[PDB]
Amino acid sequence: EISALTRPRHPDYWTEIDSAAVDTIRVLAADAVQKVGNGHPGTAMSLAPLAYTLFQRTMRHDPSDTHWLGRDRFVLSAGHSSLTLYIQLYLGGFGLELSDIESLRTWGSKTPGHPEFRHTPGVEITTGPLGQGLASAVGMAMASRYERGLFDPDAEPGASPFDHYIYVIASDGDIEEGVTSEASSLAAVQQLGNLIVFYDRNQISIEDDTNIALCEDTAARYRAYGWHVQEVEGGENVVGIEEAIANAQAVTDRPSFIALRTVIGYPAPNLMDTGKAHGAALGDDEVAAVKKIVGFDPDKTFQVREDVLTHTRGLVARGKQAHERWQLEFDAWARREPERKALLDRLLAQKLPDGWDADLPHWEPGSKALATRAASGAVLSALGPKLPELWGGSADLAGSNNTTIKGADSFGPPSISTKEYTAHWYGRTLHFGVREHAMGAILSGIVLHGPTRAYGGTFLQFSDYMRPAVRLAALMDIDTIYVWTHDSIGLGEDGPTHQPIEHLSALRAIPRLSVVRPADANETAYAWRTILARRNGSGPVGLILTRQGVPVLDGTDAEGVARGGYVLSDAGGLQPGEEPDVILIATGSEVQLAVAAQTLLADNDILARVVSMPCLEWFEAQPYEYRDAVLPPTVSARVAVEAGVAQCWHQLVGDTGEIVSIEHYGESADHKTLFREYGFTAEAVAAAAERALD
């Protein structure tokens, strides 16, 4: 029953020491949680044998260089079981020490409740929101193939220094989350041979026994996708685990899924196989009882036998040696491929090739009205050729997002090629399907895996579908790029389910997400330029683009875009010491109203400054000297214009300012009717400027 599943099956090399190492994992987890009084001990206990096998034996990595280019990557998607990762990091010499384990979940420690990228050496990604790690792992896998395309394409299956695996530990919760279905469905399409996922199937979650909400045959589901699926029984069946792993490595045309049936919190006599093992301290009695069962001293805590540590720390030496062997192959590769090596070096130093931005498109103020999205495609098409690290695509909307670099092929197995798209393994164009959330997660995987630069595209509205991934990117401060088109009622007839209203405010609220909304075709070009150049740091970016055509304007300025907000034209106006009478601040498709109203106000002896604000976050990060030059605090008469809610503009316009906004849902009609009906006209901007003064 409970006894059948928790029976050991140790391989031939496995000594008493290995059994002690495992037992050490289990008690360290129980003690670590007991110390702080809250945490997640149960899963760490049952997964000890698996985690042990992965770090000590399965994976290629070097504990003295967690940045080693050629390392296998591990992702703990079940982020609650952070101790699983922390203890291997400690046991194997990765940088964590016993005192870090003893600091679980305390202010500023290297071991927070969920693992954080950059806080701890050896953590490949922040996880915790369930689904995210698995879905991102898919991205990592995809990136490794694309990175292979760029550095060593002609190498043979397995023979490249750039060949490695992505290992993922997922739980029931990961398996239930929609994002995982999406990412898995697409992983199969892309035949990601080097992705190997363990699913800890343990019939437990926070509401205890999973039967109350989970009846599916997950393994069959994965077979349905086109994954390589295996079922292994029992947490202690290291033999079963190791055979599954080798079977998976041998399959190179399908990502692998190994469902491992387990009893949570083994061997806690009373608490195992319960929800309580998942998310609370076991209590002193259950901890003592566990120590007795494994032959540990129930009166001491954080006990680590010298022989155990001496053994596990052998990974340091094994790692070093693997790294030294790998180095010869790499060095050989560098001599054989000086060109591609120079690229690798350019990408790792985060530099761009000379004159990469020389073909940058330009449009003349007054020329034909051009949609900011069409401008983006043109800019992408121009920079493509000059930036091999740039790839990306769309969530089934390539036509509408303008994300296909002109004359680029598609990323995928040739057997997925269609009439419209030719797929090569080292292709450039990404097709995510109608999978925005997985798209988001994938993009974080891509830039976490390596130095490539990927972007993903969909309608602004569906930033709602991918929100948890965007948030996580910002938390991680990594440089993903989300192309969001059809940014307002401007989109017209598709109606209120599609038209964004709250979206810019809600996105601007996310600490560290830069929301970039170019006023016209040239601001667009200057935007990409600033994004790729990394002028404003290394956080995520949402690039907001219109469906409908907008004027090409006078007064646009690269340097000004890169500053976030700048003066598009003062009113003439003007004299030294000549503040303007009123400041109009606008963004994206509403800057043209600011301008036209500046004309209507001069014709009435009112002198208006127009400020284009393509990125409020970049503006706010500029020093006060610059900000007060653009928005002098002595001018209180201010008007903001944006086809979105007022919420995020109040601090900027102050007590006596006005905001021309949309506070309600839209309607199914053409854009011109919509902007008119909702009062997005030069006259309304003018009239607000006038009230701004009284």
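All residue numbers refer to positions in the sequence shown, first residue = 1.
As the entry records it, the average C-alpha temperature factor is higher for 277 to 285, out of 277 to 285 and 256 to 264.
Remark: stretch with higher mean C-alpha B factor among 71 to 79 and 590 to 598 is 590 to 598. Among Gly539, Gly133, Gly113, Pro338, the highest C-alpha B-factor in the deposited entry belongs to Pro338. Taking only the listed residues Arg471, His503, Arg305, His449, the entry reports the highest CA temperature factor at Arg305. Among the modelled residues of the chain, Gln575 sits in the highest third by CA temperature factor in this PDB entry. For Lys386, the recorded CA B-factor ranks within the highest third of the chain. Only modelled residues enter the ranking.
Among all modelled residues in this chain, the alpha-carbon of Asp331 has a temperature factor (C-alpha) in the highest third. When the modelled residues of the chain are ordered by C-alpha B-factor, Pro365 sits in the highest third.
Among all modelled residues in its chain, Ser444 ranks in the lowest third by Cα B-factor.
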